[PDB]
Amino acid sequence: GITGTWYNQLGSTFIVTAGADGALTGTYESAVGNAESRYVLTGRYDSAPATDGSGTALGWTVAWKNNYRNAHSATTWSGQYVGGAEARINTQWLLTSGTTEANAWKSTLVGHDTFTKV
Amino acid sequence: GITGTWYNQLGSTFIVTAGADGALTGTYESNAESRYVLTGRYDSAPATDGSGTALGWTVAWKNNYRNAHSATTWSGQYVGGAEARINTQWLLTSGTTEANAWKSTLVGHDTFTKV
Amino acid sequence: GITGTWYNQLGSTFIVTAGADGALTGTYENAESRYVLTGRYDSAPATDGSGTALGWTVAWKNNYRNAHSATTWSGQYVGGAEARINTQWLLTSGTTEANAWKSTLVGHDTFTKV
Amino acid sequence: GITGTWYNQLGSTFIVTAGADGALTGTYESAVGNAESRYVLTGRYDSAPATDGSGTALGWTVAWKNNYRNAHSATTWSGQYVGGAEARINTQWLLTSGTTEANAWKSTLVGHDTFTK
Ligand SMILES: O=C(O)CCCC[C@@H]1SC[C@@H]2NC(=O)N[C@@H]21
Ligand SMILES: O=C(O)CCCC[C@@H]1SC[C@@H]2NC(=O)N[C@@H]21
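Looking at the method and resolution fields of the entry, one finds X-ray crystallography and 1.9 Å.

As recorded in the PDB entry, chain D goes by the name STREPTAVIDIN, listed as coming from Streptomyces avidinii. The title given to this entry in the Protein Data Bank is "APO-CORE-STREPTAVIDIN IN COMPLEX WITH BIOTIN (TWO UNOCCUPIED BINDING SITES) AT PH 4.5". What UniProt records for chain D under Subcellular location is the sentence "Secreted". UniProt, in its Sequence similarities section for chain D, records the words "Belongs to the avidin/streptavidin family."

Within the PDB entry, the label attached to chain A reads STREPTAVIDIN, and the organism entered is Streptomyces avidinii. Recorded under Subcellular location, the UniProt text for chain A is reproduced unchanged: "Secreted". Per UniProt, the comment on chain A under Sequence similarities is "Belongs to the avidin/streptavidin family."

Rendered as structure tokens:
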């Protein structure tokens, strides 16, 4: 159910596969920031979630370097899948750049993404 | 210099291998009962100008014994030198129902040291 | 633009007055559910269609309840017909040190005038 | 306890007064970023915290406008005061800049400061 192709509000594309032991792998395509083309993502998810109507906790990372570009940045997404009519992944993310120690205070962006398969 | 074992101040320990393909893999020890698979990515080609190396990993807090129905992501950067550290901000997201989704997510920071 | 009554999607409601010198003052909503708010905004935003930087704080104490916590919202006002306040918030509950790593929740809210 | 002069790890100066009512008032001066001289802050704190040795939840905002400069941004600190031989305010902060709709994805920095007497 998590496996498949997803989109967010910004129009990025995130092609995950959810493996057996809570492994998340795929590519990420973002509509924004220092980034063109596909980046490798990997993460993890809760492979044994709750029956009680609770969602499925997951997260992934993307290092924004590929064969064409290196932003010297990395983003992590934290959130939960929710199945149903409109299945969706509500996330919060943290994007950190490689900064000198004098710029580390301003090294990290925070934001939230919502993914859907539409 | 990311490869190796790292300690935070909370008593948590992580062992990670920094692969040549920007891969970050290892275990997180929050007692095998407490070890969790870690997976992430890092800037395999950092600047040499005094910048740290951006990185992120994730841990889903399920293993063969427990499941907290949650996941933590770390996003931060490796800083070399004789006093090396990984400085991070994390997001802990819990499995909740929709009416509880506002209370799904803890934020924090950790520093990691080679010790 | 900001001054007035804002509603989020959780039904919850706040009324604020932005004073000329970036003050934000109002209440966050049932008497028992009303709390004092205070914040600050950029009283002189760019004129480039950037929104208006602002934030505020609610400590969750009133004469009826005390949750021993504070929420702060950091976001920006985006005016016009359909105005929105898009925020991010940190909720921190007083904790012992031992539990301080789990002291602070994060999320986001979007408040509208309707 | 909370009332006083505070500094963070950045060499920033946080000068705050806590009201009986739960109001925070004061001035912040940051060592870093698009800032010089003092800025107005306002906040709230729990004016009747727990008895369990829990910290005092609190928060404040600085919109970064003063007569010297304007960064079109606001930082919200959220945290707790911790009494003791080493009084300390541990916080997480959100710095949101006014951005266009297009750049809103990168409007908000997150970070953490701890303030010492
Ligand atoms: O460093 C860069 O400029 C590249 C960052 C990638 C864009 C971010 S990651 C969080 C958010 N979600 C997206 O789909 N895009 C942005
Ligand atoms: O937008 C700007 O450049 C002004 C922001 C002020 C710098 C920040 S606020 C969070 C952090 N704590 C400090 O003492 N300084 C920085």
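J.: If you had to explain the UniProt feature "binding site: biotin" in chain D to someone new, which residues and values would you point to?
T.: Taken from the UniProt record, the annotation "binding site: biotin" applies to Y28, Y39, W77, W93 and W105 of chain D. For the annotated residues, spread through 78 residues, the largest C-alpha to C-alpha distance comes to 26.8 Å, inconsistent with a single compact locus. Residue position: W77 of chain D is located in strand β6 (residues 70-82). Given a relative accessible area of 2%, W77 of chain D falls into the buried group. Those residues in contact with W77 of chain D, other than ones at most four positions away along the chain, are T72 of chain C together with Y28, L58, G59, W60, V62, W64, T91, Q92, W93, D113 and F115 of chain D. As for its placement among the helices and strands, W93 of chain D is situated in strand β7 (residues 88-97).

J.: Now, about empty space enclosed by the protein: what can you tell me, with residues and values included?
T.: For the largest cavity, the calculated volume is near 30 Å³. In terms of lining residues, the largest cavity is bounded by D21, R44, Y45 and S47 of chain A together with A60, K62 and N63 of chain B. Of all the secondary structure elements, the ones that give two or more residues to the lining of the largest cavity are β4 (38-45) of chain A together with β5 (53-62) of chain B.

J.: Tell me what's going on with the side chain of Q76 of chain C, and back it up with residues and numbers.
T.: Positionally, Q76 of chain C belongs in strand β6 (residues 66-78). For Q76 of chain C, a relative accessible area of 5% gives the class buried. Non-local contacts of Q76 of chain C, meaning those with residues more than four positions away in its chain, are made with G51, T52, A53, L54, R84, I85 and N86 of chain C together with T96, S97, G98, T99 and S107 of chain D.

J.: How would you summarise the interface of chain A and chain B if you had to cite specific residues and measurements?
T.: Note: interface size is frequently given as the accessible area lost on complex formation between the parts. At the interface, 47 residues of chain A touch 43 residues of chain B. In total, about 3100 Å² of surface goes out of reach between chain A and chain B, with carbon and sulfur atoms giving 58% of it. Across the chain A-chain B interface, the total number found is 19 residue pairs in polar contact. Elements that contribute at least two residues to the side of chain A that touches chain B include exactly β4, β5 (56-65), β6 (70-82) and β7 (88-97) of chain A. Per-element tally for the side of chain A that touches chain B: the top contributor is β6 of chain A, with 10 residues.

J.: A description of the packing of aromatic side chains should follow, citing residues and the corresponding values.
T.: Under the defined criterion, the tally for this structure stands at 46 aromatic pairs over all chains. Centroid distance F14 of chain C to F111 of chain C: 4.8 Å. Interplanar angle 85°. Geometry classified as edge-to-face. Using a relative accessible area of 1% as the deciding quantity, one classes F14 of chain C as buried. Each residue in the set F14, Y28, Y39, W60, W64, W77 and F115 of chain A is aromatic and connected to the rest through ring pairs, giving one cluster.

J.: I'd love a proper account of the site of ligand 2, names of residues and values included.
T.: Around ligand 2 there are 17 residues in total, and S12, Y28, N34, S73 and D113 of chain D lie nearest to it. Ligand 2 is flanked by residues contributed from chains A and D. Here an oxygen atom of ligand 2 and a side-chain polar atom of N8 of chain D are 2.9 Å apart. Side-chain polar atom of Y28 of chain D to an oxygen atom of ligand 2: 2.5 Å apart, as the coordinates give it. Compared with its free state, where it exposes 420 Å², ligand 2 has 95% of that area covered by protein. Looking at the shell around ligand 2, the element that brings in the most residues is β6 of chain D, giving 4 residues.

J.: Which residues make up the site of ligand 1, and what values go with them?
T.: Around ligand 1, 17 residues are found, and the nearest of them are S12, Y28, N34, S73 and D113 of chain A. Near ligand 1, the surrounding residues belong to chains A and D. Contact distances for ligand 1 include 2.6 Å between a nitrogen atom and a side-chain N or O atom of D113 of chain A. About the coverage of ligand 1: the protein hides 95% of its 420 Å² of free accessible area. Mapped by element, the contributors of at least two residues to the shell around ligand 1 are β6 and β7 of chain A.

J.: Describe the interface of chain D and chain B, listing the residues and the values that go with them.
T.: Across the boundary between the two partners, chain D contributes 4 residues, which contact 4 residues of chain B. The contact between chain D and chain B buries some 340 Å² in all, and 53% of this surface belongs to carbon and sulfur atoms. On the chain D side of the contact with chain B, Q92, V110 and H112 of chain D bury the most area, a combined 94% of that side's loss. Summed over the shared surface of chain D and chain B, the result is 0 salt bridges. A breakdown of the residues in the side of chain D that touches chain B according to their chemical character gives 1 nonpolar, 3 polar and no charged.

What counts and how
Residues numbered from 1 in each chain as written, not as in the entry; some residues may be left out. Chains lettered and ligands numbered in written order. Heavy atoms only, no water. UniProt positions renumbered as here; feature names shortened; annotations may be inferred. Helix = DSSP H or I, 4+ residues; strand = E, 2+ residues; numbered from the N terminus. Buried < 20%, exposed > 50% of the residue type's maximum accessible area, 1.4 Å probe, protein only. Contact = heavy atoms within 4.5 Å. 1 Å grid on protein atoms, 1.4 Å probe; cavity = no way out; pocket = protein on both sides within 12 Å on 5 of 7 lines; lining within 4 Å. Points joined across faces, edges and corners; volume = space filled by probe spheres on them. Buried area = accessible area lost by both parts, 1.4 Å probe. Polar contact = N/O pair within 3.5 Å; in protein donor to acceptor, adjacent residues only side chain to side chain. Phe/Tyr/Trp six-rings, centres within 6.5 Å; stacked < 30°, edge-to-face > 60°. Near = heavy atom within 4 Å. Areas by Shrake-Rupley, 256 points an atom, 1.4 Å probe, with all protein chains shown as cover. Salt bridge = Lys/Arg side-chain N within 4 Å of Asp/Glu carboxyl O. Nonpolar A, V, L, I, M, F, W, Y, C, P; charged D, E, K, R; others polar.

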